[PDB]
Ligand SMILES: NC(=O)c1ccc[n+]([C@@H]2O[C@H](COP(=O)([O-])OP(=O)(O)OC[C@H]3O[C@@H](n4cnc5c(N)ncnc54)[C@H](OP(=O)(O)O)[C@@H]3O)[C@@H](O)[C@H]2O)c1
Ligand SMILES: NC(=O)c1ccc[n+]([C@@H]2O[C@H](COP(=O)([O-])OP(=O)(O)OC[C@H]3O[C@@H](n4cnc5c(N)ncnc54)[C@H](OP(=O)(O)O)[C@@H]3O)[C@@H](O)[C@H]2O)c1
């Protein structure tokens, strides 16, 4: 019954470390077969998300295949048993593609270091979004990133007023969201930034102390900045970076503390594969480290709560949830490259509109 | 008015690594003032414990002072407000000494890496003991070690039937305790031994698989031995060893897994301070690692419970809890040295009768 011309960003080359987007990615035109299966449905991408964790998926993506990504899609056309009818807005791992055909079921990430099943698509009810909480928040504070932050702070971390909370890679959306909730629950918040621009930005949001991780290239010099910024010890660590800062924070864990390992920038991107053993430090404090893989929380009730609980605070200016929306499908890898650029140009989540 | 001659083992020299007990320790004669205060007590040591963690306390024990140690002591004489009357059996950190004076109160370990409060002495009620669970069990299955194992299995680890539980340093008393409770909870249990003597000992008691960590000083054959022993992945890791075995186990953590870090022989004893970054492996499996410091559990309700839950199983021959009782105060470091001996002639908990 027909086909259609579509643009895709495919994985051209595997490069370790801080990526070179123009070298890694290639826009191709690709003929998309439009004869939908029993439960398949033809989707139009409206927004794609650009995220640092994609640095890993790219290395596990077969050369020539399209680049995965959280996206917002519209149902152009749907097969007889599809989960959504034409017109429905949906969220899922659509990728850097203009159009795609999918049955919307949980697919498995076969070529992955860890076998992973991507979540089945979720429908968006447009009634939830307006100019203070736009639809693009479904890829940020009302989607993947917000669910990560909200999930950790309500289902794992119990922040007592007086606790000192350290957030690494704080300047991004998950770290700023986490820290602000910690400020709200009565915590001293310590964050980490890479420039003065981000450092004063995190200050506004209410971070009591911000450490320049680039100035503290050393793990000892990072341990001193940490000793003074958190004079009474760390009670909660929300870790996105790893490397020498987690080595530093783990040397100062209070009793009963809780670490949340969310990502490890320092090992994925900058390849800090060997370092001091951190496990000895957790024995006396009875510290609980927990890995975060927020997909587990992608359920209907959770999405409901995330809107009511968190969404209110965002629209009432009680919680800042910034976003930087470039425009144009052609500029997606450009937009992605900014995540590794030292410029102070990012606030919150980065999205592309198509 | 009153004094008493008492022998004490004092710390002559600090030596790092596998200890040289004959070189580190020294039997001295010590005149003990027996004129007790109104709430003090003169105590006689009946049994002393030798434990691999003493290697750490010995290095933090100021030169010339007595070597700390868990002991079982009897009240020779007590002031009018003492917490215990004469004849009473108590358990506490009496040390490698024949006689001592104490208020039985929580002493603080100033000279420690982490400020640590030694627990106040606990009274031993002889009704609790019999010919299958003798008085010496208060330093083993009915004391510190048993509280560690039972504490972790009842207050942290939830072993579901089918899980594969890996216990490192299994041949000792905490490790054998932990494995048998996982075996009883429906787990395939994997342990680690250094000789066929230890491994076949672990074979009896019910370990489905035993790994020769000495054959695999390298992590490559260690990750292979684990792949074979745990073909379906690790769900529960009870870690006493650390080092390249924990490196191997972290590469095969299933979803929802739980590590319990209890000690790190390879870092304390063998100085394995550096290794592969393990926190990256805990993200996707949503693993919860937790540090163990069983002092937190030394409360009366817990002690009642340890006798009820654990003590019953031992008395009903459902749980083997072996112990190796050296005799003679003169031999305390001799008995201590066997813990670090490359020969594996010791089974269960090691005590001296004095
Ligand atoms: N586990 C999950 O389910 C899950 C879900 C979504 C995302 N994630 C991952 O978790 C991370 C947290 O999200 P996010 O929004 O907070 O991302 P993010 O802040 O953009 O993460 C990178 C930030 O960390 C800082 N940084 C970069 N390199 C660094 C280094 N070498 N040392 C110290 N700090 C460095 C940078 O701060 P400056 O701006 O100051 O340079 C940068 O803004 C993301 O990277 C994402 O990939 C995990
Ligand atoms: N966190 C706490 O509060 C707490 C409380 C009490 C005790 N602990 C610690 O927990 C440990 C376990 O208690 P336990 O009484 O059952 O002691 P343990 O098992 O005797 O501890 C060491 C055991 O591991 C094995 N081992 C020795 N060297 C090894 C190596 N290089 N690699 C791998 N395995 C090795 C030994 O068996 P082989 O004969 O096979 O060498 C030995 O039986 C103790 O060592 C103690 O220090 C912690």
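Throughout, read-outs are computed from the coordinates displayed, never taken from laboratory work. Reconstructed Cβ throughout: ideal geometry from the backbone, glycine too, with neighbour counts over all protein chains shown.
Calculated from the alpha-carbon coordinates, the protein assembly as shown shows an Rg and a Dmax of 29.7, 110 Å respectively. In nanometres and ascending order, the distances from the residue B:158 label point to those of the other copies are 1.5 (point 7 Å from Cα along Cα→Cβ). Translational diffusion of the stretch A:206-354, estimated by Stokes-Einstein from the Kirkwood radius over alpha carbon pairs at 10 °C in a medium of 1.306 mPa s, is 88 µm² per second.
Between A:38, A:344, A:330, the residue with the greatest mean-square fluctuation in the GNM of chain A (Cα pairs under 10 Å linked by springs) is A:38.
Where a ≥ b ≥ c are the square roots of the eigenvalues of the C-alpha gyration tensor, would you call the stretch B:147-188 rounded, which needs a/c under 1.5, or, failing that, prolate if a/b is larger than b/c, or oblate? It is oblate, given that a/c is not under 1.5 and a/b is not larger than b/c. Helix A:144-155 and the longest principal axis of the Cα set of chain A meet at an angle near 50°. Averaged over peptide B:122-132, the number of partner chain Cβ atoms lying within 10 Å of each residue's Cβ comes to 0.
Comparing B:258, B:317, B:55 in a Gaussian network model of chain B where C-alpha atoms under 10 Å apart are linked, the largest mean-square fluctuation is found at B:317. Rg over Rh for the stretch A:218-300 works out to 1.00, using Cα positions for both radii and the Kirkwood form for Rh. Along its first, second and third principal axes, ordered by size, chain B spans 69, 42, 35 Å in Cα coordinates. With Cα atoms as the point set, the stretch B:77-192 shows a radius of gyration and Dmax of 17.9, 56 Å.
Using bins of 5 Å that start at zero, the share of Cα-Cα pairs per bin across the stretch B:19-108 amounts to 3, 14, 23, 23, 18, 11, 6, 2, 0, in whole %.
Hey, what number do you get for chain A at 222 nm if only DSSP H runs of n ≥ 4 count, each worth -39500 (n - 2.57), divided across all residues, to the nearest 500?
Working: 11 runs with 84 residues, N = 354.
Computed mean residue ellipticity for chain A: -6000 deg cm²/dmol.
Residue of chain B with the smallest Cβ distance to the axis mapping B onto A, distance rounded to whole Å: B:289, 2. Under the simplified labelling scheme, the residue A:254-residue A:334 pair shows an inter-label distance of 4.7 nm, with each label point 7 Å from Cα along Cα→Cβ.
Taking beta carbons within 10 Å but only from partner chains, what does the mean come to for residues B:267-278?
Neighbouring Cβ atoms belonging to other protein chains average 4 per residue here.
Relative to the longest principal axis of the Cα atoms of chain B, helix B:219-229 runs at roughly 80 degrees. Scaled against the 2.2 N^0.38 Å expected of a compact globular protein of N residues, the Cα radius of gyration of the stretch A:1-53 reads 1.49. Treating the angle as unsigned and between 0 and 90°, give the value, to the nearest 10°, between the Cα long axis of helix B:173-184 and the longest Cα principal axis of chain B. It is inclined by approximately 50 degrees.
Considering only B:156, B:93, B:284, the Gaussian network model of chain B with Cα springs below 10 Å gives its largest mean-square fluctuation to B:284.
According to the Kirkwood relation over distinct C-alpha pairs, the hydrodynamic radius of the stretch A:144-294 is 15.0 Å.
Count, for each residue of A:289-300, the Cβ atoms from other chains sitting within 10 Å of its Cβ, then give me the mean as a whole number. Kindly include the intermediate steps, with their values, before the conclusion.
On the way: counts 10, 7, 13, 4, 7, 1, 2, 3, 0, 0, 0, 0.
That average works out to 4.
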